[PDB]
Amino acid sequence: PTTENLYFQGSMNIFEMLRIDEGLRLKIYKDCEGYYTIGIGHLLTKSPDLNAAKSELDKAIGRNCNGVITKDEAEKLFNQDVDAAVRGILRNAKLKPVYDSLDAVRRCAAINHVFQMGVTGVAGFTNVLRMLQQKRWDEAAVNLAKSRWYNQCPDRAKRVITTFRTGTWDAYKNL
């Protein structure tokens, strides 16, 4: 690793990680599962109704957006959504002990997983949670790769799975 390479971990954090996995879009679009999304992975609604998505958007931002937001608004919403995922882990009796056992990089992977799937989805993966607590990284990554979350939308999840396997930021290098 060069001096620059050793600096790369200091540039990565949960925000930059999710920003790479989710992208940044200023107009409502459908994600890989067909759900209306905006910003940095902000899922607006699971309803097939674009009007519902627009109503949820206006509520989230606090103005009449007509389906479009600014980069600053996307960043603000993203920070709220990341804070929500962390809070959701820490108040959950199943997820908190696993999260606490993880190193800093895998804790980002955990927050990312919860941001993408929600708390009950993540807390339902009984075997993966035990594998992570037991530091069985290869087994945890193989089992994550069986999930519908990964298999239905591999490009958004693959980086996170690698990060659970290695505890490094290597999957986020050289985009």
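What counts and how
Residues numbered from 1 in each chain as written, not as in the entry; some residues may be left out. Heavy atoms only, no water. Residues with missing side-chain atoms left out of burial classes, pairs and counts. Disulfide = S-S within 2.5 Å. Helix = DSSP H or I, 4+ residues; strand = E, 2+ residues; numbered from the N terminus. Buried < 20%, exposed > 50% of the residue type's maximum accessible area, 1.4 Å probe, protein only. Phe/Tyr/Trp six-rings, centres within 6.5 Å; stacked < 30°, edge-to-face > 60°. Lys NZ or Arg CZ within 6 Å of the ring centre and 35° of its normal. Contact = heavy atoms within 4.5 Å. Axes fitted to C-alpha atoms, helices over the stretch in contact; angles between N-to-C directions. Nonpolar A, V, L, I, M, F, W, Y, C, P; charged D, E, K, R; others polar. Pairing = 2+ DSSP bridges. Core = buried A, V, L, I, M, F, W, Y, C linked by side-chain atoms within 4.5 Å.

- In the PDB archive, X-ray crystallography is given as the structure determination method for this entry, at a resolution of 1.3000 Å.

1. Quick notes on the state of the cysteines
What makes a disulfide is a covalent bond joining the sulfur atoms belonging to two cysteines.
And then number 1: Considering all chains together, one arrives at one disulfide under this definition.
And then number 2: Note on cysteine connectivity: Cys32 is disulfide-linked to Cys153, with sulfurs 2.0 Å apart. Residues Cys32 and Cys153 are joined through a disulfide that is left-handed, its torsion about the S-S bond being -100°. Of this pair, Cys32 sits in the loop between β1 (25-30) and β2 (36-39) while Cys153 is found in the loop between α10 (148-152) and α11 (154-166), placing the two residues 121 residues apart along the sequence.
And then number 3: Since its relative accessible area comes to 43%, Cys32 is described here as partly exposed.

2. Details of the packing of aromatic side chains
And then number 1: As enumerated under the stated definition, the model contains three aromatic pairs in all.
And then number 2: Taking the centre distance of 6.0 Å and the plane angle of 80° together, the rings of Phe78 and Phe115 count as edge-to-face. Note that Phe78 is positioned in helix α4 (residues 71-90) and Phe115 in helix α6 (residues 104-117), a separation of 37 residues in sequence. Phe115 shares its class with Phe78; the two are buried.
And then number 3: Of the aromatic side chains, those joined through ring pairs into one cluster are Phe15, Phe78 and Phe115.
And then number 4: Note that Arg25 overlies the ring of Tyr29, its terminal NZ or CZ placed 4.2 Å from the centroid.
And then number 5: Looking at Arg106, its charged tip hangs above the ring of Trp137, at a distance of 3.5 Å from the centre.

3. What about the environment of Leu43?
And then number 1: With respect to the helices and strands, the residue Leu43 is situated in strand β3 (residues 42-43).
And then number 2: For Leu43 and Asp81, which are 38 residues apart along the polypeptide, the C-alpha to C-alpha distance reads 9.8 Å.
And then number 3: If we skip the residues at most four places from it in the chain, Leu43 touches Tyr35, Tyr36 and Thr37.

4. A look at the packing of helix α2 (residues 14-22) against α11
For any two helices packed against each other, one specifies the crossing angle of their axes together with the interaxial distance.
And then number 1: One can describe the packing of α2 onto α11 by two numbers: an axis separation of 8 Å at closest approach and a directional angle of 145°. Counted together, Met17, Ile20, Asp21 and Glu22 of α2 and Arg156, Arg159, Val160 and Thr163 of α11 form the full contact between these two elements.
And then number 2: Looking at the contact of α2 with α11 residue by residue, the classes come out as three nonpolar, one polar and four charged.

5. Some remarks on the sheet that holds β1
And then number 1: What the three strands build is an open sheet, ordered β1-β2-β3; its pairing is antiparallel. What marks the edges here is a single partner per strand, and that holds for β1 and β3.
And then number 2: Sheet analysis places β1 next to β2, joined by three bridges and oriented antiparallel. Paired with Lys30 across the bridge in β2 is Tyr36.
And then number 3: Relative to the sheet, helix α3 (residues 50-61) contacts β1, β2 and β3, its axis offset from that of β1 by approximately 145°.

6. So, the nonpolar core
And then number 1: Core analysis: the largest hydrophobic core is formed by 36 residues, its most contacted members being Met17 and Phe164.
And then number 2: Going through the elements one at a time, α2, α4, α5 (95-101), α6, α8 (126-133), α9 (137-144) and α11 are the ones with two or more residues in this core.
And then number 3: The element that contributes the greatest number of residues to this core is α6, accounting for seven residues.
And then number 4: Residues in contact with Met17, not counting those within four places in the same chain, are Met12, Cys108, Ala109, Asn112, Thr163, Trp169 and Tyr172.
And then number 5: Counting nine residues, the second largest nonpolar core, distinct from the first, contains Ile28, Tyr36, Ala53 and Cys65.

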